[PDB]
Structure formats: C-alpha cells, structure tokens
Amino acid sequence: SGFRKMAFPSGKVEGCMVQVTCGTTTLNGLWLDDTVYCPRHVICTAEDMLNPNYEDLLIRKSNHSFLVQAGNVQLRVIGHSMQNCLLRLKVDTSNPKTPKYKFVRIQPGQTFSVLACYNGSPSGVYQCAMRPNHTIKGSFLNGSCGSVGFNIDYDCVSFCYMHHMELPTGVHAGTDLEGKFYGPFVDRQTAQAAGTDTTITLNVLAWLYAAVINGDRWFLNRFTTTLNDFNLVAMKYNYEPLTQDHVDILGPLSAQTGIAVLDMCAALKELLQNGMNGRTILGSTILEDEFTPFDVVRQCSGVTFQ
C-alpha cells in the first residue's frame, strides 16, 4: 500500500539526451537512431526572440553551425530540417541506446514523466499532468529547454513533450515531438499568458477510488446524483464537466471497489460543498487531480482493502 506521484524509470530516456549548441545558445536535444530533436529557438540569440523569422534565421546556418555532444563524444551533423517548432539534425552515428519508441500527442488531463536536463545531463525526474489550459506545472530553470516528457508501455517509450518556455505565472509550455505546441502558444517573446485552468474532474474521482482501494471510506455518503446535478456543482467549483465517457472510464475502479461512479460523484459534490474539515485523503488535505484512472490501476492493489 501507500500512494505516491510516481514517475516512470528514466533509464531508456537518459541514454537519448544530448547537448545542442548554435553560437552562444546551448540547450538539450533527443537522439533517436541518426536524428537529434531540439527546440528550433536554439538558432536564436536574445534580440532574435522578440520577433524571430525561423525560416530566415535557419537558411543562413550550415550543418556545421550546430555542435552536438553525447557526453564526451562530439557527433557530426550531416543534415538539418525544421519540423514545426523543432529542428531535426541528421547525425553520422545511430544512437546505440535508442529504445523502442513512438511519438504521441497526449490529451489534456493525461499524465507523463519529465526528465529535467541541463547541458545534455539528466538532473531529475517527476510526474505531472497536461493541464486543461495546455500548460504543465513543471520545475525548470535556464538550460532546461529540450528536456522531454514520456510514458513507458512495456519496453516502448512514448515521447509526448519537449520543453520550450516558462509563462508569466511560472508554468511551462512546449511541443509534442513533431514540434506542434500544446495550447495556443508560440516560440517568440510576446505578451502570451496561460488561459484560465480548471480542475481535472475525472482524475479527482480516480484518486477517491485510489483512497478506497487503499482502505479509506470516510468521505463516502448514502446519496447518489444525476450527471446534470453533478455538473451544476462542478461549474461553480471550476471543475470540468463529467461526461458518460468519463463515467465509463471509471468502470473497472467502480467494480473493484463496488462504489458506483455517480455515488462517488455524490461524495465529491459533498466534499466540494462541505470542505474536508482538517481531514485528509491518501495524506492530502486538497483534492488531487494529477492521477489518471490508468495511473491508479497501475500503482494500486488489484484487490481492495474492504
């Protein structure tokens, strides 16, 4: 038992991290097969960043304007292309530590592991969620650009995030591994801000199931609710509306615990209306929304503490 924000083991990803330099700018890139991926703003200086024209900044570079380092070893770049907001650098060596991998675009509310890196050197790993407002509440300092987010399924690494920038509120924005931003953000220094966020309702419910699997039932009640009565309360508390799809996703957990989804919703509505009264759930005094239903089944016992 116990319940912790757990990250995926980071080994398969550590073996892919490199340093990419272009003039004065050093950041991290990702080395799979004979390609190195990195944020395209590695070609920018400070002043370039107010209003960069990337096509224009890139045409005046060569293969040799990019220095790639895997630990000690310099890698020779022999090709370059822009893909959306990344650069693809073709390199003379295939990464021998290339894991089985895929590139996925994760959906808001989904979770992944971030390997925070500086100068191609991994410094730390943590789990976080794609917020409904398409940001992440990361921990990132200068030099962290190029750090990746990923999930692991069996032996297959699903890369889903590359870090690009911090927004004014201190939250983080970036791209999938095709270089498309998550959210409405662009890779220029402008007046852009995180949209208003909302609580991930499906995750809070998954975590209440986690708390019951772990043998805690204090916050349950004898009431039920309609979806629509739940959603009127959800809106007032800045929670995402629950849908039948989200009710269907909570099925397995519902069955494992024998608590119907709409009963757990009655419990949540009561938790939202009456607070927790200095009480805790799985050690927390707030309602946690950065665990998916999949994260709960992954980490929890397949047999309830009844």
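Rigid core: the largest C-alpha set superposing within 1.5 Å between the two forms. Just count from 1 along the sequence shown to find any residue number.
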Positional deviation of Cα atoms in 8 other deposited structures of this protein after core superposition, greater for 183 to 191 or 89 to 97:
183 to 191
Between 43 to 51 and 240 to 248, which has the larger RMS C-alpha deviation from this form in 8 other deposited structures of this protein after core superposition?
43 to 51
Do the C-alpha atoms of 74 to 82 or of 197 to 205 have the higher average B factor in the entry?
74 to 82
On mean C-alpha B-factor from the PDB entry, just flag whether 115 to 123 or 217 to 225 is the higher one.
217 to 225
Tell me, please, which of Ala46, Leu268, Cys38, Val247 has the highest C-alpha B factor according to the deposited entry?
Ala46
According to the Cα B-factor stored in this entry, which of the following is highest: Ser144, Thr190, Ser158, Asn133?
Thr190
On the chain's distribution of Cα B-factors, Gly179 falls within the third called lowest
Taking the C-alpha B-factors as the PDB entry records them, is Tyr154 in the lowest, middle or highest third of its chain?
highest
In terms of the chain's CA B-factor thirds, is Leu32 lowest, middle or highest?
middle
State the tercile, meaning the lowest, middle or highest third, of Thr169 with respect to the CA B-factors recorded for its chain.
middle
What third of the chain does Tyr237 rank in for C-alpha temperature factor, lowest, middle or highest?
middle
